[PDB]
Chemist: 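Sharing a structure here in structure tokens format.
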Amino acid sequence: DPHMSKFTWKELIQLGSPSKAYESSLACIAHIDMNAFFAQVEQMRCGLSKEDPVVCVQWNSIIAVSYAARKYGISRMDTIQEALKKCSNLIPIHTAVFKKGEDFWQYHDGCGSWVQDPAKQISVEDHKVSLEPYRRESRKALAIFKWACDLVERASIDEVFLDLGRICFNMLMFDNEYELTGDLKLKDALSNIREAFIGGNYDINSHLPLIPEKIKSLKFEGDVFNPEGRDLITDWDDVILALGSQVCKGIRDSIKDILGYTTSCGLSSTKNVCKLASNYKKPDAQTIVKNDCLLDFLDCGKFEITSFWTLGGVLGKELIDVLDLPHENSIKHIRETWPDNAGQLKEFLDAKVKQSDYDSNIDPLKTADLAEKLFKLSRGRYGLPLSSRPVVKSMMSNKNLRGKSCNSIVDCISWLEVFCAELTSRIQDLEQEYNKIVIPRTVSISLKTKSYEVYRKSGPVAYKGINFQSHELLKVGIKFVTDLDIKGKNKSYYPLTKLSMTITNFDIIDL
DNA sequence: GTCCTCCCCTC
DNA sequence: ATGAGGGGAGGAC
Ligand SMILES: Nc1ncnc2c1ncn2[C@H]1C[C@H](O)[C@@H](COP(=O)(O)OP(=O)(O)OP(=O)(O)O)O1
Ligand SMILES: [Mg+2]
Ligand SMILES: [Mg+2]
């Protein structure tokens, strides 16, 4: 019915449910990604400004580039020597490090390969990186996000997704302060819907009324992606999104004011679109993608089907082959080739997979799910839930090895001693920060030989308290690296090119 | 039944 | 041939 909203009371009320809000076409999701994260951490640590051309350096490689340094054309994975040729007043700052034979990390500021002084080097042969300064700042940011929002997913060290559904719903129905104009409050613009909601006499399966003309005074905060100049507020999804944009700016301002960090952000009805949108404009910006602008956005020329999370690897390339996708404008191609329903794409996939001479990363028993995923992704309507993650899931300590710096079992164990110190300190920090007992249950050793062959072993680790944790980790590590040395007998083995220890499973006890 | 090994995904 | 981490399949146990 064109006399009513596209959306229902069910879809609106669902915003108030953390378990179901993501399923709604009215969902308001944010993806927030810290700008030049490791470079901003170093900037803040060293009392420097947004205008200072800071780069974070790991060995000889630039792993994060401040937006000031980007103005000189410096890019991630430039070597420090390449970057110094682009910017005469560059401020390179090496990551903190552990020294082999020691059990703590520190910064050696004023030290690095770019420094002439032979006494101020950080040798790759006898140090490993500590990323703990970045992890600590990430956890501080997470605490701020969780204070602001009831459902926050930490997606990686500098990314979160927020479900703004409760905040948006509550603002829509209950906020009696918010002003649209100097003459018009939100409460008065939304008098009809609030009357219905408080009155309680709606049917959940009824469509909402068409939006009131007065709510069109509501502003979006940020950059609304809108190359076709579509009307900004035309249905309740736009109302929810605009309210979300206002809230989202407030949350990002809290991060900036408290921690000093700028962020980029994407706002839309789905996690996948949010993640694309947060990368669209940087630094210090939020890009908003209206439902009516989803195809405009997806088809802007920046994106392909391989841009979507899970599809950037071998499954994505397989789908390009199987579905006969073009090298460009693949998203539109998917949309237009199976234009009516996901069943059209399912039929096509089923025929391809049923062929006797097929194989693959496609599950032949789950083609319905794959078809629906692709159909919806190509329209910007594939809604995945947010997961609130545990305090920790895994912890890894890794050293890729050069030359002969791991040339025997003695060297392996020397590196394991650093790994065990590092992991134990990380566990202790988490226990204190979160008031938990954090208990490693399973450990994995993974290593690569001189010929790049991978050897791995995993198994249980015993628990005897935090004061014996490093010892219990090392016991198992020693057992595993000696076991693997035997397995490598009479084969290309030493000197190793990689050694790592990962705690892959933890028990977390609440206190 | 769960564990171990290999593998794919992302920044 | 360049340190994290999330996650699942399936044969081993
Ligand atoms: N391939 C990588 N290897 C090691 N560290 C990485 C890699 N990619 C990114 N990082 C680290 C450094 C980054 O500051 C941090 C967050 O990554 P990411 O958000 O992609 O870049 P960024 O925060 O430096 O820039 P942007 O402003 O584009 O977000 O993770
Ligand atoms: Mg970032
Ligand atoms: Mg990232």
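Just so you know, these numbers use all the heavy atoms, side chains as well, and skip hydrogens, waters and symmetry mates. In what follows, every chain begins at residue 1, and chains take the letters A, B, ... in the order their sequences are listed.
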Chemist: With side-chain contact (heavy atoms from CB on, under 4.5 Å) as the test, pick out the partner of A:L267 among A:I29, A:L162, A:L164.
Modeler: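 Going through A:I29, A:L162, A:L164 one by one, the side-chain contact (heavy atoms from CB on, under 4.5 Å) with A:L267 is satisfied by A:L164 alone.
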
Chemist: Answer yes or no for A:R45 and A:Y107: cation-pi contact, defined as NZ/CZ to six-membered ring centre under 6.0 Å and angle to ring axis within 45°.
Modeler: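 Yes.
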
Chemist: Looking at C:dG3, I'd like to know if its phosphate oxygens (OP1 or OP2) sit under 4.0 Å from a side-chain N or O belonging to A:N400.
Modeler: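 So the side chain of A:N400 is within the cut-off, an N or O lying under 4.0 Å from OP1 or OP2 of C:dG3.
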
Chemist: Rounded to whole angstrom units, what separation is found between the CH2 atom of A:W59 and the P atom of C:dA1?
Modeler: 21 Å

Chemist: Assign C:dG10 to north (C3'-endo side) or south (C2'-endo side) according to its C1'-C2'-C3'-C4' torsion.
Modeler: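 A south sugar, the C1'-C2'-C3'-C4' torsion of C:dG10 being less than zero.
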
Chemist: With positive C1'-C2'-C3'-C4' meaning north and negative meaning south, how does C:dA9 come out?
Modeler: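 It's south.
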
Chemist: Residues in ring pair (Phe, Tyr, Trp, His ring centres under 6.0 Å) with A:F225, at least two apart?
Modeler: A:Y280, A:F297

Chemist: Between A:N35 and A:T262, is any side-chain donor less than 3.5 angstrom from a side-chain acceptor?
Modeler: yes

Chemist: Step by step, would you call A:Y463 with A:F468 a ring-ring contact (aromatic ring centres under 6.0 Å, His included)?
Modeler: CA-CA 8 Å; A:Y463 180 69; A:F468 302 92; 9.7 Å; no

Chemist: Quick check on DNA chain C: between A:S397 and A:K393, whose nearest nucleotide comes earlier from the 5' end?
Modeler: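 This one resolves to A:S397.
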
Chemist: Which nucleotide in the list C:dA4, C:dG3, B:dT10 gets nearest to the side chain of A:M396?
Modeler: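 So the nucleotide nearest the side chain must be C:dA4.
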
Chemist: Is A:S394 near enough to C:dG6 that one of its side-chain N or O atoms lies under 4.0 angstrom from OP1 or OP2?
Modeler: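 True: A:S394 side-chain N/O within range (under 4.0 Å) of C:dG6 OP1/OP2.
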
Chemist: Using the ring of A:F161 (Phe, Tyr or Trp, six-membered ring only), decide whether A:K271 places NZ or CZ under 6.0 Å from its centre and within 45 degrees of its axis.
Modeler: yes

Chemist: When every nucleotide of nucleotides 2-9 of chain B is labelled 5' to 3' by its protein contacts under 4.0 Å (heavy atoms), B for base, S for sugar-phosphate only, - for none, what sequence of letters results?
Modeler: --SBB-SS

Chemist: So which nucleotide from C:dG5, C:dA4, C:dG3 ends up closest to the side chain of A:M395?
Modeler: C:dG5

Chemist: Quick one: A:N505 CG to C:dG6 P, roughly how many Å, whole number?
Modeler: 12 Å

Chemist: Is the closest basic N to carboxylate O distance between A:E159 and A:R154 below 4.0 Å?
Modeler: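 Salt bridge: no.
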
Chemist: NA contact type, A:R135, heavy-atom cut-off 4.0 Å: base, sugar-phosphate, or nothing?
Modeler: sugar-phosphate

Chemist: What's the NZ-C1' distance between A:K399 and C:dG3, to the nearest Å?
Modeler: 10 Å

